[PDB]
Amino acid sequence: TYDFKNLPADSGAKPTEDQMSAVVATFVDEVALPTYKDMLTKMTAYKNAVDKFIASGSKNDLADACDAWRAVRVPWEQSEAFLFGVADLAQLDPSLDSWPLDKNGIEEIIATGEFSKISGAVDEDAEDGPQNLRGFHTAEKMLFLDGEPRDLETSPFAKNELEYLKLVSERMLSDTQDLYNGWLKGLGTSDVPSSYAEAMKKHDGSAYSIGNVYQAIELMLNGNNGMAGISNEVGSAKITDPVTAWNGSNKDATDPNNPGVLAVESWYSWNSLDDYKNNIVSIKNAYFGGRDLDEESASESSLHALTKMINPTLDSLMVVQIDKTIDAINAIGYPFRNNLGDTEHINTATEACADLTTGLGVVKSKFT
């Protein structure tokens, strides 16, 4: 009979500052920095694989580049529960991963070779802002066709499009380096002067307005770019918005202008459901205090432990809900671009994200 809006009384135990500081430390050292390190390693393999393909024209090298694209995408999407800090401050989320794309501008660059248009600073209010001509999805669009490696004779590359692919992938690597370095040691720029990891571990107001340990925990849970942000975004935006478009449409998944299909992020490669699942794995890692950890393997310095201590029922409801949300995402028909009419499964999934969002709000309330 208990739910997130109808809880029993808290235990009365409140965590100490040293306890909360250890949760933040373990988050930074066992969730953030390793996710990003794994991303840098996988991004370097991805750029090397793309390069080897550009050099050869080999179908096997292409397949390998495609695999490498998917593999670097795991840790990136597993990092969306913590877009605060460098990802936010240095504009790297939109630089790396804008959707949708300015498809007319991409085609134009392929024709003219004006590659300078793709390497500028993020500018979110111009339609031809550079961010919308680069990133994961521009590479995707060139590597993949409806779920598969592109066919090199069915849809042949333009010479300029190959150079475009190389430039996009250089910049994907560069942004990833900046992300990991920004956390690890800082970039020495106006926006990211010093280590974000250190400013988070110290939480003493010396950098980035992280003023005390309560602010650091609130940051992890927050609704703009923390745990509640990504639960809410997966449910209300990534899943809901393409379904809304589909419902207003002709409901023909084979029509290249179907607005539902076109709104599905990673439909080129059919990576959408893996993305959404990985976004909730990001929450799960965050809550249990390590990559791929769960309740039965959780760190003692985790949000899980502190919530359990404050209210066992709320924690227990959170344990169930993280797993219910992942299971609901996984039960949606694959690929998502052909199953936008899979109503029952989609609804369980969007209701489960909406409930994980409420739950994370309640957890956050125990620290403000």
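The first residue of the sequence shown is number 1, and the count goes up from there.
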| item | value |
| --- | --- |
| 143-151 versus 186-194 - which carries the larger mean C-alpha B factor in the record | 186-194 |
| Given 6-14 and 354-362, the range whose Cα B-factors average higher in the PDB entry | 6-14 |
| Candidate set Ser169, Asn212, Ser98, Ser272 [ranked by C-alpha B-factor, highest] | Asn212 |
| Deposited CA B-factor, highest of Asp175, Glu233, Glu161, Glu127 | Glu127 |
| Where the record places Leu92 (Cα B-factor, split into thirds across the chain) | middle |
| Chain-wide C-alpha B factor ranking for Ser301, given as lowest, middle or highest third | highest |
| Record-listed C-alpha B factor of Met309: chain third | highest |
| B-factor third for the C-alpha atom of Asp315 within its chain | highest |
| CA B-factor placement of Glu107, once the chain's modelled residues are sorted into thirds | highest |
